[PDB]
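J.: To start, I am sharing the structure in question, which I have written as structure tokens.
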Amino acid sequence: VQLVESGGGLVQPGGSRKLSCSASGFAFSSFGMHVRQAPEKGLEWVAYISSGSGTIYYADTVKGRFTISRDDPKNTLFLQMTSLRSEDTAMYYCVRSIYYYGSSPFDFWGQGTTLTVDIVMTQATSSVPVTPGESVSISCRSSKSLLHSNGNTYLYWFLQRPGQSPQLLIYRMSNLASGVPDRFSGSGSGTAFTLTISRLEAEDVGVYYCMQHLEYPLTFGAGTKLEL
Amino acid sequence: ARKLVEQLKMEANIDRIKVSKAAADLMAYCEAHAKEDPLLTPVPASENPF
Amino acid sequence: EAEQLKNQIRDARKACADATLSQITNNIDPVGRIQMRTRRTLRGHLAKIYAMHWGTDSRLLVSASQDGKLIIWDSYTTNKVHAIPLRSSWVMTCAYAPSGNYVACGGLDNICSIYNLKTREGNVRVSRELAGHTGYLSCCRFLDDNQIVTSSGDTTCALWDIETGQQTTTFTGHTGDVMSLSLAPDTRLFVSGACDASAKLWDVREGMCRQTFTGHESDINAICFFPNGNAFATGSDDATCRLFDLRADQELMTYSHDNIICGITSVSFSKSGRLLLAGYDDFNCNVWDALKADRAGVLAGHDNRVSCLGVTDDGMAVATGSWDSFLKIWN
Amino acid sequence: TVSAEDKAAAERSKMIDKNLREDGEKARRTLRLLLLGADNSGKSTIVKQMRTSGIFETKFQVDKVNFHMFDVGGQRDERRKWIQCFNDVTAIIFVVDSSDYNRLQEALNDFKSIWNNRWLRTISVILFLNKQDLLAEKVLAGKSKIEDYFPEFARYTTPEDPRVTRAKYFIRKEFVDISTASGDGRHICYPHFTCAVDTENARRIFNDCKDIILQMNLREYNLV
Amino acid sequence: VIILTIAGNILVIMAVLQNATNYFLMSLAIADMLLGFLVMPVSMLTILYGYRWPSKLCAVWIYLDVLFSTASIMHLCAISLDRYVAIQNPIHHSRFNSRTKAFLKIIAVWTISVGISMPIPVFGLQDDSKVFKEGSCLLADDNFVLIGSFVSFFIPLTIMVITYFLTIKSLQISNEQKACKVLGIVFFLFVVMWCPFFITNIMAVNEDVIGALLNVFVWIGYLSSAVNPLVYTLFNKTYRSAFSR
Ligand SMILES: CCN(CC)C(=O)[C@@H]1C=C2c3cccc4[nH]cc(c34)C[C@H]2N(C)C1
């Protein structure tokens, strides 16, 4: 499974550029597809396209000015950007998401392309000191309770190691993504959530982002760095 | 036919228990688990997932 | 020698028969009339449904049909999680793994095909195709994610190691096609019903027929274990359902009425075991007070015969499927 | 009241429903047939033009209509359990060897078994009597007698050698008698005579299928 | 005739036999039950009062009368045209029938029924003398009657003549002969119960003789709405049992 993003480089303000991500090794038609990171700041969600292109959402900032499209036979997803502004400078990530009972959205993220030109999620700690082999707890809070009448609580934890794309750790506050060790665990009440890392090791160290998928737009907290 | 008698010999000797005891055991299970059963006694609408 | 030991077995079971189950159960309050309504009807199968199985999570079920597709439904939201194309349109069985990772399908092609539901690349693909049965597969059931039992029309049942793809054990006692199979709750032993009008108890590890039960005039279409695991109920084209006790080795009870001429397509037990639910070729399912053999209710919402019947693991709901191509959930 | 994820699940289910409907639309185009012959029938070679242990399948087209023919190979004498599957087929193709008289009574019994099955009540049978050349040479030789195996042929009125016509019409008449004894008219038998090599058997299958479809349509429209 | 119409159609509506072709007969039985409760019983009051109309509902009553009468006639034309294709080439008719034609057919026979009778209240409700009373609430538009009764009866009649001639030609084995007798009765009754009114309607444009002729022939046309439930359904063994129960 691979997503490779192409396009980028300098655009003078007011210009237009197209970014494309190419999908290999997965049924691209089935997956709903999406996220950017400012040069040193947190993640923000740009757009979403459903399977079959039926449903499209954009964030308020980009809407009317960005357009997302998918070419299912060619296995490519495009973002058409016009009238680019200094805010738009970021690293744009192409993310895959599949929605059914028990699915894990946001599981795979592309490497991303540099561009140079509402539930409120808060992560209290900017940084935390850690000792190897020492348990660490990271906390997040929402403005509105993420518990829904179906019973799922839509909280997702992501890990961005240094120089790497984000990786899903936990989906829906308790379930653990495939390929993630058992050390990570997610405990949370509505409006108050935490991720517990026990027996911390090298390569567990990075910025942790908490995301809500209860309703659009999708919001990430600023997140907590971990430092050796 | 030689194979049949060997199986019939194995089935011939088995520990067997009185039908009254076996029926009493079945009744014990059914009365013990009667409250747990939703279909026997209709579950209230809030508890009902459907 | 064959006749002498057979008569000895008849004497042994007859010696135990001090009382009927009807005598012991006689002074018990009846369950009363039980009323269940089709809370949900699941539609999207364009041909006759043959088999269904509940998931252990109690929200997910799989169904098999003649249109050649296996569809997995989210019962609560009536949503199709997956729809799986099948190489052979002819399928008579389906199963759902206890871990929910896999489902199995069997049919007239004589092959048990196992599908990996949870995969990277986000599609349902064939984990294994299990060959070695010279007849059609009537029933398949999962021990673990590695081990699956099958029953076939070649008059033999087998245990398979899915990773190896070979039969670890073969069970060979029946003189006719084996229609149905039921794993025990403890899983260490299982029973099969067959067209020779006998039901055999099979110890899964040794591979031997521990006990054989004969009370049916005709073929036994359906078999189910009592929830305790010390008894089972068989369904037949005799139009009778009979409850058999493993330890006593004999039939405790028979469930029949003069109005009912039709054969029992499926059987299942409620969670307590007080209720025996059976599906018939009369397009309706009758609910029997299993302790007393009194009909407690009827479930009638199907245009054609009910092919399959299943009761949820938590016990909340009953799902029935029929040849009218609509399978309904009753609570 | 429905989360975003549940909404996406609903969209997925609707797309699945769409694809299942398209597949069913494909399925309706095909007409499905079941082939049954005990042995010595030459049933495999009935349809010359166009030719998996559990089931053997062939596809043939005449006049831009696609036909599927099913033979279930491995099974024993009692077919009652697998025959339940084939109750939606357009027609059953039953092949008999008219040449062999020892086989003929067993073939008549098997035809009765096919005819009187509960699930196959509404399904018409296209009956091919086979190896008519073998039968013709045998009757012309005269070494064997149908009169010996069947008493009725010894005194029978003929309705090509005349003895050959008499024998073939008697052989047909027994099968059509078993078919006619029901008399309901929901299902009827189309009897045909087939050489070992005949260019047109798909044409005959197609025209009896058209007759079957015509009759179901007349019943459906309440015309007759 | 009113009681017969209502009682005949409300016995066909319950009996629905859920075939794609049988549902179309419910749309025909709904165009006649409405004809038998809205339009027909009003005319009974007119008969009682001797052509005097008890005032702005006269144009509305004619609108319903033309709407349900044209909806009925083209229901039978669609049945006849569908019945021919199902008899000429039954193989190619079964392939192209996915229960969407029947819903596409109900659309067609109700778009033309409502499109032909749309001139009545849109141009004729403002004018109280064009489609309106001569003292008796008649249809006095002399140019709409000629062309509005031409595409409503005579085009469905020349379509039925060719369809009936072609169907009998292609049906020529008792079941085929039993069907040929059902088509003859159905075709003969439609002609003998609707054609008499439409030749008198158009030949007119002694007044007393023609005024009496058009009075009786109107009720012969209405009486065909009581028979349509029976001749199109009761030939089926299932419907006969359903009516008894
Ligand atoms: C006595 C007065 N009434 C009753 C309202 C009529 O003249 C009706 C006028 C009709 C009429 C005119 C012009 C075109 C048409 N198509 C179909 C009909 C039609 C129906 C036809 N109905 C039966 C009588």
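Numbering starts at 1 and runs along the chain as it is shown here.
The backbone N, Cα and C atoms fix where each Cβ goes, and this holds for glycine too.
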J.: Considering the candidates E:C58, E:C77, which is the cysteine that Swiss-Prot reports in a disulfide bond with E:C137?
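T.: Within the candidate set E:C58, E:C77, Swiss-Prot assigns the bond with E:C137 to E:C58.
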J.: Per Swiss-Prot, is E:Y84 on the side of the membrane where E:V131 is?
T.: no
J.: Have a look at E:118-122, E:223-227, E:228-232 and point to the one annotated motif 'NPxxY motif' in Swiss-Prot.
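T.: Of E:118-122, E:223-227, E:228-232, Swiss-Prot gives motif 'NPxxY motif' for E:228-232.
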J.: List the residues of the same chain that sit at least 6 positions away from E:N201 (serotonin binding site) in sequence and have their Cβ under 8 Å from its Cβ, in sequence order, or write 'none'.
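T.: Expected: E:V145, E:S149, E:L214.
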J.: Rounded to a whole angstrom, what is the C-alpha distance between E:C137 (disulfide bond) and E:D65 (serotonin binding site)?
T.: 12
J.: Quick one: pull the CA-CA distance for E:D65 (serotonin binding site) versus E:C58 (disulfide bond), whole Å only.
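T.: That separation, Cα to Cα, works out to 11 Å.
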J.: Of E:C58, E:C137, which of the disulfide-bonded residues has the most Cβ neighbours inside 10 Å?
T.: E:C137
J.: Since 2 residues are absent from the deposited coordinates between E:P54 and E:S55, report the CA-CA separation in Å as an integer.
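T.: Distance across the unmodelled stretch, Cα to Cα, is 7 Å.
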J.: When DSSP states are grouped into helix, strand and coil, how many residues of the topological domain 'Cytoplasmic' (E:82-101) land in each?
T.: 14 helix, 0 strand, 6 coil
J.: Between the stretches E:24-49, E:102-125, E:143-168, E:209-234, which one has more Cβ pairs under 8 Å with the transmembrane segment (E:57-81) than any other?
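T.: Looking at each of E:24-49, E:102-125, E:143-168, E:209-234 in turn, the most contacts to the transmembrane segment (E:57-81) are made by E:102-125.
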J.: With DSSP as the yardstick, break the motif 'NPxxY motif' (E:228-232) down into helix, strand and coil residue counts.
T.: 5 helix, 0 strand, 0 coil
J.: Need one number: the Cα separation in whole Å between E:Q172 and E:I173 across the 52 missing residues.
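T.: Spelled out: 52 residues absent, and the flanking Cα atoms 9 Å apart.
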